[PDB]
Structures are given as C-alpha cells and as structure tokens.
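In what follows, a structure is listed as structure tokens, so that the remarks can point back to it.
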Amino acid sequence: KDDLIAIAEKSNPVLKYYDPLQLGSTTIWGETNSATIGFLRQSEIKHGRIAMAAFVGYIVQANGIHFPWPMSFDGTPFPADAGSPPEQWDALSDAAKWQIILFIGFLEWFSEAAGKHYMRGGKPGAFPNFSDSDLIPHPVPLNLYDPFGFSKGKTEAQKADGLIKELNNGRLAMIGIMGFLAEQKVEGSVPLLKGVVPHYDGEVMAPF
Amino acid sequence: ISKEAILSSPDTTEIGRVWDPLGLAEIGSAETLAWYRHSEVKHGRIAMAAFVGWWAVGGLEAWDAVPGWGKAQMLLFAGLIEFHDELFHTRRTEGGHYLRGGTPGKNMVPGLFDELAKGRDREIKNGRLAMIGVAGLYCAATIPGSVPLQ
Amino acid sequence: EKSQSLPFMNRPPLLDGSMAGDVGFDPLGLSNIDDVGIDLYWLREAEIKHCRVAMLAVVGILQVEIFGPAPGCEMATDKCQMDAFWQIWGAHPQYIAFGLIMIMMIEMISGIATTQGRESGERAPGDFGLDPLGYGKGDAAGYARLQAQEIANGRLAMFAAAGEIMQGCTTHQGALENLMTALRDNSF
Amino acid sequence: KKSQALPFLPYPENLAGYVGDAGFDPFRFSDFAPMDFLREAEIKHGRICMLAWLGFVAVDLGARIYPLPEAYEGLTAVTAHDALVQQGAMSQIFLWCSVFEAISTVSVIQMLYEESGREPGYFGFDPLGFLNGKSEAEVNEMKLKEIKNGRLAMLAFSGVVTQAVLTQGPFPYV
Ligand code: CLA
Ligand code: CLA
Ligand code: CLA
Ligand code: CLA
Ligand SMILES: CC(=O)O[C@H]1CC(C)(C)C(=C=C/C(C)=C/C=C/C(C)=C/C=C/C=C(C)/C=C/C=C(/C)C(=O)C[C@@]23O[C@]2(C)C[C@@H](O)CC3(C)C)[C@](C)(O)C1
Ligand SMILES: CC(=O)O[C@H]1CC(C)(C)C(=C=C/C(C)=C/C=C/C(C)=C/C=C/C=C(C)/C=C/C=C(\C)C(=O)C[C@@]23O[C@]2(C)C[C@@H](O)CC3(C)C)[C@](C)(O)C1
Ligand SMILES: CC(=O)O[C@H]1CC(C)(C)C(=C=C/C(C)=C/C=C/C(C)=C/C=C/C=C(C)/C=C/C=C(\C)C(=O)C[C@@]23O[C@]2(C)C[C@@H](O)CC3(C)C)[C@](C)(O)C1
Ligand code: KC1
C-alpha cells in the first residue's frame, strides 16, 4: 500500500494516486490488505500484458499475414480467409482452441506454483524461470522472459523504471484492444475508429 | 498409522496443497483417515481395470449377456478375495489391520498381484484419473449425451 | 433458570444440557416421567431411534423416486412409495418378511440393551458401539458436534418421513412430485 | 463385562468356559437352563442338521441306495418322508433313534443331576483316532469346528428344506 502509492507517483507526477472506488484498500479471500494488493497488481499487469500482445496480434492478424507453413496433417491453414480477427478465432477449429487455452493455462499455473507468489513477498508480473523450481520433468532449453539472455547486466534502477513504462503501455493497450472490439459489436462506440472496424457482431467474450 | 503419514501420499504438487475443501480429514480420528486412504486406492485400482475393459470390448449390454450363474460366480469370487484381503490384513501382517496398525494400500492377498513409495504416489494418481474416466464412461456415454464434449 | 427454547418457562430439571440437542424444550414435563417402564433414558433412546429410522426413510424414498427401484425390484414403477410397497409385496414378499424378522431379532436385542443399559450405567441411550470408522476416538469437541448433527438432522427427518408417509397416503403421487405440485400451486 | 458379539450388552456370565463362546446370549437362556443342557441340545441339533443337510442334498442330487426298493422309487427329498411312513422306513429309523435317545436320556440325567463329569455332546465316539493325546487347546479347536459347522448346518438345512417346498425344482433350491 505504501509502495503502491510510490509506484503510481512515478507513472504520473500529476495524477499521483488515483482510486475512485478505493479498490486498493479491500481484501478478497480474507488474506489481508497487503496480500490482495499484490493480487490487484498482478491482475493489472497481466491484463495489460495480454492486451498489449493482443494489440500487436490484432494488427498482424487483421492485415493479411498468414505465415507458411501450415502445421496440420491434412491442410487447413491459419483461417485468415475471412478476415476480421474476431471472426478468425472462430474459424480455427473447435479442437485447436483447447490447445491454445491449455498451453496458456500452464503458464498461468507455473506463475502460481513456482518460485515465489505475488500474494506473499511479491514482485508481481515476475514470471519464474523454467530452469529452476524442479517441477517440470523435461527440462526445456529457454525461459519465458529471457530466452536469449537479453538483457542481463541492466541495473535495478534500469529495470525498476521498466515496469512503470510497462504499466503505462499496459493500461493504454487495455483501452486499445477494447476500442477495436467495441466497434466489432457497436459502431460509433469509439469516434475515431468509424469505418475501419468490420463489425464482427457475434460474441467476442465466448470461445466456442 | 497417523494422519500426517496418510496425507504424505501422494505429493500435493498439481494442486498446491492437500485438497480438502469440505474438511473431511479433520473430522474423525487417524483410524478414520486410514479408511479414507484404503478406499481411495481400492476405488482406483478397480476403476483402472474397469476403464480399459470398456475399450477391450468396445458396454452396458455386455453385462446383460452374462447369465445368472455368470453374474453370481465372479461376484463372490472377488468376495473371497476381499474376505481374505481383510483376513490376511489381520493375521499375516507384522503390524495388523490397516485400521489398526497396517498399511492401507498393501492389499494382502498372495498371487493376485504377481522406488516403490514413488509408485505408491503414482498408483493413486493414475487411479484417480480412471475413476473420473469410468464415471465419464457411465455418464458421458450413457445417461445423458452431451456431457464432456471431449 | 429459564428454558432456552421457551424463555417464559422454567428449565426442566432433568435436562441440563448434557445431551446433544438439549435446549430445554420440554413444556409438558415429559422428561419427569419415571413410572410405566419409561424415563428420560427410554425417551432419549426412543428419540434417537425415531431419528435414525426417519433419516433412512427419507433417503430411502428419495433414492427410489429419483433413480428407480433396485434391480430385482423393477416391478414397482410407481413414484408413490406407499403404493410401490404393495407391488414388491405382491411379487417378492419374502424379502420384506426376511427384513421384518431380521429387524425383530435386532429390535428385541435392542430392547434388552435399553433396559439393561438403564439399570446399569455402561450404555448411553442409542449407543450400540457402531463406530467402525472411528469418529469417536479423538476430538471430543468435534465428536460432540457429530452427536448434535445426528440429533439435528434426525429431528428434521422425523417431520420429513412422517410427512412423506402422510402426503403419500393421501395424494398417491410421491414426495418429489408433491413438491412440484405445491410449487406451481403456490407460485406468485 | 461387554459381551463380544453384542458390545452394547453386558456379558452373560454362565457362558464362560464353554467353547463356542461369542458372548451371544441376549435372551439369557443360560440364566434359566443349565448350560450343560443347552450345549448338549446345541450339539445334538447341530449333528442332526449336518446329517440332514447332506442327506437332503444327496437325495435331490439323485443319489439312491442300491438295490433301490420299489417303494423308494419316484421320490424326491420332500416327498420321501410321507411315502416311507407308509412303507416303514421312517418307523425303522425312529426305532433305532429311540434306542439311542433312551440311553442318552440316562446320560443327560446323569450329566445334570448325578454329576458324571461327562462333557455335553460326549459319547466316546472316536474310532478313527482323532484327539490322540492332543492338548486341551487342540480338542477345543476341534470342538469349536464341530459347533460352528453344526451351527452353520442348522441354518443351511433350514434354507434347503424351506426353499425346496417353495419351488419343487432342481438341485440348488431343493
Ligand atoms: C475389471 C472389470 C471388468 C468386468 C466386470 C468385465 C466384464 C466382462 N468382460 Mg471384460 N475385460 C476387462 C475388464 C472387465 N471386464 C479387461 C481389463 C480386459 C483386458 C484383459 C477385458 C477383456 C475382455 C474381452 C476380450 C472380453 C471381455 C468380456 C467380458 C464379459 C464376459 C466375460 C468375462 O467375464 O470376462 C472375464 C474377465 C476379464 C477378462 C477381466 C479380468 C480382469 C483381471 C483379472 C484384472 C486383474 C489383472 C492383474 C493386473 C493381474 C492378475 C493376473 C491373474 C488374474 C492371473 C463381462 C461383461 C467378453 C465379452 O463378452 O465382451 C463383450 C469378451 O469377449 N473382457
Ligand atoms: C426406513 C428404512 C427403509 C425401509 C422400510 C425400506 C424399504 C424398502 N426399500 Mg428402501 N432404501 C432405504 C431405506 C428403507 N427402505 C435406504 C436408506 C436406501 C439407500 C438410500 C434405500 C434404497 C432402496 C433402493 C434402490 C430400493 C429400495 C427398495 C425397498 C423396498 C424393498 C426392499 C426390501 O424389502 O429389502 C429387504 C430388507 C433387507 C434385505 C434387510 C434390511 C436391512 C437390515 C434389517 C439391516 C438394518 C440395519 C440397520 C439399518 C442399522 C443397524 C441396527 C442396529 C444394529 C442398531 C422396501 C419397501 C427397492 C424397491 O422395491 O423400491 C420400490 C429398491 O429398488 N430401497
Ligand atoms: C419436513 C417438513 C415438511 C415440508 C417441507 C412439507 C412440505 C409439503 N407438504 Mg407436508 N407434511 C409434513 C412435513 C412437511 N411437509 C408433516 C410432518 C405432515 C403430517 C404427518 C405432512 C402432511 C402433509 C399432507 C397431508 C400434505 C402435505 C403437503 C405438503 C406440500 C404443501 C406445500 C406447503 O404447504 O409448504 C409449506 C409452506 C411454507 C413453508 C411457506 C413458505 C414460507 C416462506 C419461505 C417464508 C418467507 C416469507 C418472507 C420472510 C417474506 C418476504 C418475502 C415477500 C417480501 C415477498 C409441501 C411440499 C400437501 C401436498 O402433498 O401437496 C401436493 C398435502 O396434501 N403435507
Ligand atoms: C438326518 C438324518 C437322516 C434322515 C432322517 C434321513 C432319511 C432318509 N434318507 Mg438319508 N441320508 C443321510 C441322512 C438322513 N437321511 C445322510 C447323512 C446321507 C449321506 C450318506 C444320506 C444319503 C441317503 C441316500 C443315498 C438315500 C437316503 C434316503 C433316505 C430316506 C429313506 C430311509 C433311509 O434310511 O435311507 C438310507 C439312508 C442312508 C443311505 C444314510 C445312512 C445314514 C448316514 C450314513 C448317517 C450315519 C452316520 C454314522 C456315523 C454311521 C455309523 C458308523 C458306525 C456304526 C461305525 C429317508 C427319508 C433314501 C431315499 O431318499 O430314497 C427315496 C436314499 O436312497 N439318504
Ligand atoms: C479520442 C479517441 O477517440 O481515440 C480513438 C483513437 C485511437 C488512437 C485509435 C484509440 C486507440 C488505440 C491505442 C492508443 C492503443 C495502444 C496500445 C499500446 C500502448 C501497445 C503497447 C505495446 C508494446 C508491446 C506489444 C511489446 C513490448 C515488448 C518487449 C520485448 C519489451 O518491452 C522488452 C524491453 O523492455 C525491456 C524488458 C528490456 C530492453 O532490452 C528493452 C526492451 C524494449 C526490449 C482509441 C482510444 O481506441 C479511440
Ligand atoms: C471512481 C469512479 O469513477 O466511479 C465513481 C464515481 C462516478 C463516476 C461519479 C459514479 C457515478 C454517477 C452515475 C453513473 C450517474 C448515472 C445516473 C443515471 C443512470 C440516471 C438515470 C436516470 C433516468 C430516468 C430518471 C428515466 C425516466 C424515464 C421515464 C419516466 C419513462 O417514461 C421511460 C420511457 O421508457 C418508457 C418507460 C415510456 C416512454 O413513453 C417514455 C420513455 C421511452 C422515456 C460511480 C460509478 O457511481 C462511482
Ligand atoms: C472518470 C474516472 O474516474 O474513471 C475511472 C473509473 C474506474 C472504472 C473506477 C477505473 C478503472 C478500471 C478500468 C478502466 C478497467 C478496464 C480495463 C480494460 C479496458 C481491460 C481490457 C483488457 C483486454 C484483455 C484483458 C484481452 C484482450 C484479448 C486478446 C488480445 C486476445 O485474446 C486475442 C485476440 O485479439 C486477437 C490478438 C487475435 C484475434 O484473432 C482473436 C482475439 C480478438 C480474441 C479508473 C482507472 O479509476 C478510471
Ligand atoms: C483366493 C485367494 C488366494 C489364496 C488364499 C492364495 C494362496 C496361495 N497362493 Mg495364490 N493365487 C491366487 C489367489 C490366492 N492364492 C490368484 C487369484 C492367482 C492368479 C491365478 C494366484 C497365483 C499364484 C501363483 C503363481 C502361486 C500362488 C501361490 C500361493 C500359496 C503361497 C503364498 C505365497 O505366494 O506366498 C498360497 C497357498 C504359490 C504356490 O502355489 O505355492 C505352493 C505360487 O507359486 N498363487
């Protein structure tokens, strides 16, 4: 709580600490206030990290970027022949969707089980490396955060500033990817994206 | 066998802790938790064999073709196993019965069975998935249709 | 000292909160009976037996009206269990008479255990030593909770089993479709 | 205290010593009758039903005596009683049972009231030479096997003669 004010002051020196609902002073599962404030930090970082891969992933999959080679046993390439990327998630398969969801579900699992948790001694958003923690029996070559090692040697003050521009680029891409999908179901919902977005008009908030 | 010696098997890695939402290991005694452990592995080792028999003949119609003599023969055959299971648990054990002093998984009948505590943690987990696999093959196959949907 | 359940009445003197479901609810003073082979021991054994019989009778109705009769008894086909008894008696009456004499030997032995357990002091009322899983060995606070949960579910099931007899013998339908009938009749 | 078969009941103390003891006398027949009279009656009831179950299921499995008399023909184990009261077979066996039971009446009275020291169920019958100098713990496990197979046969015969009348069918109910 004392460090959450110190984080948001560095994200904006005008808007120091913004909380209309005062959600930062609640508990959820009866842990304590300081443990759920690491839950709220993790969930904000995870929401922004997903949305910022979703924004790049939108503009790649909205234009015609179908890369060879199609990895299937019959044919059936990446279904960019609609195009309109909320339509193109529907046209994968039904059985290909469980492979995407359960693979992310391991990384959701491994961020909870391994080295140290955000509802404890914290550092939320820090994905534990696959080299340690002794739970996976393969072992795998690379890690999720630094597979090629770029860039170890950066000081603490160089990486403390990184999450603060990850939180601000994460907050904007939450607004960014949702402004695309709002025009996929109601037009005129964002004023400056009229005509660009092709009105998917189904249900974006359902997989199957 | 105490309570903490029962809940040390299997490992609690894939959930994170011992998974008891209803608190059923805390109500009773250490004799009661040993009955919970013995009946898990007996439920598991039966549903492991009963799962692949659905695929070794592939279900509900195959049991109806068994005669009244054939149903009565194999059911009391496993009864004399489970009679002499608890019997050899009592008299031919260095500790005694599994609710008194014995191992709840050791299943003492000679001849039905033929680094191992590692296999004790693997028998339960490979058995646990069979019981939800068998209860799938009774529900996802037979009673309604669109259960899994696999 | 006043009763908890009836705070305008004095507490009944033989009820002191030692038994499981004791909140002093004896307005008629029936726990003070000590004459015609009947005392507080006999009434507690009668309460506990009425508890356990009615508890089994409720799930014994709800098993057949949901999942059907047992195999070998598929001749029932009626959701009214007061009528489904007479189809099992019509075809396989020997198993009911097997159970009724097996109850007769069990109940006559339980009647001796009640009156010998009352004259001596080595038997609690309703106690048969049937704790094979062994819940009574440890955590006496958690064991007194099970003694209270037996009484609390048993006193509730007494109304339920008496109701399912009476609203089965008067509507001739079955308990769960008496419940659906009442839901559509008194919906607002 | 605390009878084994009925742990919610106190121990009937007249059962102590006898060999089929599970603490099972809830009706307290031992407090009315002497236990030598009851054990002699338990053993004799058991020895009859061991023979009676085996003789019932052998006649219904088709085993007959050879040469079979012409009045013995066309009989199952149910109808064999009433047909052979007429022939005289049942009167013959009742004669030799009454010969034995009249001498056993002298033995039962002398066991109960003249103090012979005779074990209940003892008739001295061991031609094959069991219990040959064996210990008291070895004659007691053999006495327990007679009573439990005796006790089992009484319920076993009671099934096989009730189910025979209810079906009048092939072997495993007659
Ligand atoms: C364990 C549950 C189970 C049950 C109740 C059944 C029941 C049935 N099976 Mg099936 N079956 C099973 C599992 C089971 N099976 C397994 C695990 C296999 C692979 C071996 C089979 C392979 C099989 C075939 C090929 C056929 C049947 C058939 C039948 C039907 C009648 C004949 C019979 O009784 O088979 C006898 C019982 C068995 C073969 C199962 C024995 C299971 C063993 C004893 C488990 C223990 C093994 C243990 C690891 C080592 C012990 C070794 C020792 C026994 C020597 C009957 C409905 C017949 C049928 O009518 O199909 C429609 C038929 O043709 N079964
Ligand atoms: C009040 C208790 C009670 C009574 C009177 C009945 C009566 C009946 N049931 Mg029901 N049933 C009950 C409870 C009861 N059930 C329970 C608790 C369940 C499990 C939820 C069921 C599940 C069930 C099914 C699935 C079916 C029945 C069926 C039947 C009918 C024929 C069965 C029969 O006659 O067996 C004969 C009796 C015996 C074989 C023995 C009885 C038990 C003995 C006496 C031991 C009792 C021990 C006691 C409980 C505890 C110890 C006492 C002491 C030591 C302290 C019969 C009317 C069948 C039917 O026809 O439905 C229409 C049928 O398919 N019952
Ligand atoms: C164990 C408890 C119990 C229960 C739940 C039932 C339930 C029922 N009985 Mg049975 N019955 C019982 C015991 C029971 N009985 C006993 C002990 C006997 C005597 C032996 C009977 C004899 C009997 C007969 C003869 C008959 C029934 C019938 C019925 C049904 C009638 C509907 C009814 O009156 O519900 C009870 C109604 C309520 C409890 C009202 C609900 C009150 C609400 C929840 C209060 C909330 C108000 C809230 C505070 C206000 C704010 C809201 C507002 C602002 C909108 C119903 C299923 C009849 C039937 O079978 O119908 C088909 C029938 O003919 N019963
Ligand atoms: C409870 C005792 C008992 C009674 C009252 C009966 C009564 C009957 N049996 Mg017998 N039966 C019995 C036991 C009994 N059985 C036993 C234990 C066996 C197996 C050996 C048989 C085998 C048998 C056959 C094969 C036949 C009968 C038949 C009959 C009927 C005709 C009369 C007869 O004596 O046949 C003959 C009796 C026997 C062959 C049995 C002999 C008695 C046995 C061996 C007991 C003696 C044991 C004793 C220790 C031996 C003494 C040894 C010592 C001297 C050294 C009659 C209803 C006949 C029948 O039903 O025709 C329609 C018939 O054909 N029974
Ligand atoms: C007034 C109005 O109506 O507005 C309209 C108009 C308009 C503008 C269209 C709108 C919009 C959409 C917007 C603004 C969307 C913004 C989306 C946003 C903000 C997306 C961030 C992506 C960053 C990514 C994906 C990757 C980082 C990837 C990496 C690998 C790193 O950062 C690692 C790194 O840091 C370290 C760790 C170490 C160093 O070695 C350096 C590097 C860099 C390698 C609206 C609001 O909808 C409606
Ligand atoms: C930290 C933060 O930022 O959050 C904080 C701060 C913040 C932002 C200030 C908040 C706020 C304030 C908010 C959201 C205020 C909004 C209030 C609201 C939504 C007020 C609706 C009035 C509608 C009326 C009276 C309709 C009459 C309609 C009548 C009488 C009709 O006849 C209806 C009609 O259909 C019929 C029935 C019949 C037709 O013949 C006629 C029509 C068609 C007309 C939050 C969210 O609370 C908390
Ligand atoms: C006046 C005032 O006080 O305001 C206050 C009010 C209030 C409410 C109290 C406060 C707050 C909290 C706020 C505003 C919370 C809103 C957060 C927001 C807007 C969160 C969306 C995240 C998007 C996600 C997680 C996923 C995208 C999903 C992606 C990227 C994908 O899955 C893939 C996909 O896209 C592609 C890549 C490819 C396609 O083939 C398929 C699809 C389409 C599926 C503030 C901050 O105090 C401000
Ligand atoms: C029904 C309950 C049951 C009992 C009570 C029992 C008892 C004994 N069995 Mg076992 N048995 C089964 C069941 C039972 N067996 C079953 C279902 C199978 C699979 C077909 C099986 C297989 C074998 C094999 C291959 C051998 C074997 C033996 C023994 C022997 C020594 C005990 C020991 O091994 O320590 C004792 C008497 C060995 C042997 O024959 O010794 C002379 C031996 O080589 N059994």
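What you see below is based on every heavy atom in this structure, not just the backbone, and it leaves out hydrogens, waters and symmetry mates. Quick note on labels: first sequence line is chain A, next is B, and so on, each numbered from 1.
Using modelled atom types, one side-chain atom of B:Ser29 and one backbone atom of C:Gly134 make a donor-acceptor pair closer than 3.5 Å. The closest donor-acceptor contact from the side chain of A:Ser25 to the backbone of A:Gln22 lies under 3.5 Å. With hydrogens and angles ignored, the 3.5 Å screen pairs no side-chain donor or acceptor of A:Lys154 with any backbone N or O of A:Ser151. Without hydrogens or angle criteria, B:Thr142 side chain to B:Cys139 main chain gives no donor-acceptor distance under 3.5 Å. Judged by distance alone, with hydrogens and angles left aside, the side-chain atoms of A:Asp161 form no donor-acceptor pair with the main-chain N or O of A:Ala157 at under 3.5 Å. In terms of modelled atom types and a separation under 3.5 Å, the side chain of B:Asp20 and the main chain of B:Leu24 share a donor-acceptor contact. The closest donor-acceptor contact from the side chain of B:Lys3 to the backbone of B:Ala25 lies under 3.5 Å.
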Go through the steps for B:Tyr36 and C:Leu133 under the test side chain to side chain contact (heavy atoms under 4.5 Å, CB included), then give the verdict. CA-CA 9 Å; B:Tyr36 290 166; C:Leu133 269 65; 4.2 Å; yes
Side chain to side chain contact (heavy atoms under 4.5 Å, CB included) for C:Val58 and C:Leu56? Distances and angles first, verdict last. CA-CA 6 Å; C:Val58 166; C:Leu56 290 195; over 6 Å; no
Side chain to side chain contact (heavy atoms under 4.5 Å, CB included), that's the test. Do C:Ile66 and C:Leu176 meet it? Break it down for me. CA-CA 9 Å; C:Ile66 292 176; C:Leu176 280 175; 3.7 Å; yes
Do A:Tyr58 and A:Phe180 pass the ring pair (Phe, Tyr, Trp, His ring centres under 6.0 Å) test, and can you show the C-alpha distance, the side-chain angles, and the key distance before you say yes or no? CA-CA 9 Å; A:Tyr58 201 93; A:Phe180 281 162; 4.7 Å; yes
Using side chain to side chain contact (heavy atoms under 4.5 Å, CB included), reason through A:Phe127 and A:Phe110 one step at a time and then give a plain yes or no. CA-CA 8 Å; A:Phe127 208 89; A:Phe110 193 81; 3.9 Å; yes
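The local environment of NZ in B:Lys71 is crowded, with over 12 non-hydrogen atoms from other residues, nucleotides or ligands closer than 6.0 Å. For B:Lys118, the NZ atom counts as loosely surrounded, since its 6.0 Å shell holds 12 or fewer non-hydrogen atoms of other residues, nucleotides or ligands. No more than 12 heavy atoms of other residues, nucleotides or ligands lie within 6.0 Å of OH in B:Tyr138, so this atom counts as exposed by the packing criterion. Other residues, nucleotides and ligands place more than 12 heavy atoms under 6.0 Å from the NE2 atom of B:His97.
Considering only residues two or more places apart in sequence or on other chains, B:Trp19 meets the side-chain contact (heavy atoms from CB on, under 4.5 Å) condition with B:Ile15, B:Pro21.
Counting heavy atoms from C-beta outward, C:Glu164 and C:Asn178 have side chains that stay 4.5 Å or more apart. Between B:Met48 and B:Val134 there is no side-chain heavy-atom pair separated by less than 4.5 Å. Between A:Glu44 and A:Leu167 the shortest side-chain heavy-atom distance falls below 4.5 Å. With a 4.5 Å cut-off on side-chain heavy atoms, A:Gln184 and A:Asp201 do not count as touching. Between C:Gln81 and C:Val64 the shortest side-chain heavy-atom distance falls below 4.5 Å.
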Quick one: side chains of residues 120-130 of chain B, donor-acceptor pairs under 3.5 Å with protein atoms, not counting sequence neighbours, listed by atom name and distance.
| residue | atom | partner | partner atom | Å |
| --- | --- | --- | --- | --- |
| B:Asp121 | OD1 | B:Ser9 | OG | 3.4 |
| B:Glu123 | OE1 | B:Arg45 | NH1 | 3.4 |
| B:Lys125 | NZ | B:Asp11 | OD1 | 3.1 |
| B:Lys125 | NZ | B:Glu14 | OE2 | 2.6 |
| B:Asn126 | ND2 | B:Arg122 | O | 2.7 |
| B:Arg128 | NE | B:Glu40 | OE2 | 2.4 |
| B:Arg128 | NH2 | B:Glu40 | OE2 | 3.3 |

For residues 76-104 of chain A, run the donor-acceptor check on the side chains, cut-off 3.5 Å, and write out each pair with its distance to 0.1 Å, sequence neighbours left out.
| residue | atom | partner | partner atom | Å |
| --- | --- | --- | --- | --- |
| A:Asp90 | OD2 | A:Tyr200 | OH | 3.2 |
| A:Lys97 | NZ | A:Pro207 | O | 2.9 |

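Ring geometry, A:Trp109 versus A:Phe106: the interplanar angle falls under 30°, so the pair is classed parallel (tilted spans 30 to 60°). Under the 30°/60° scheme for interplanar angles, the aromatic rings of B:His38 and B:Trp35 are found to lie parallel.
Donor-acceptor pairing under 3.5 Å is recorded for the side chains of A:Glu112 and A:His117.
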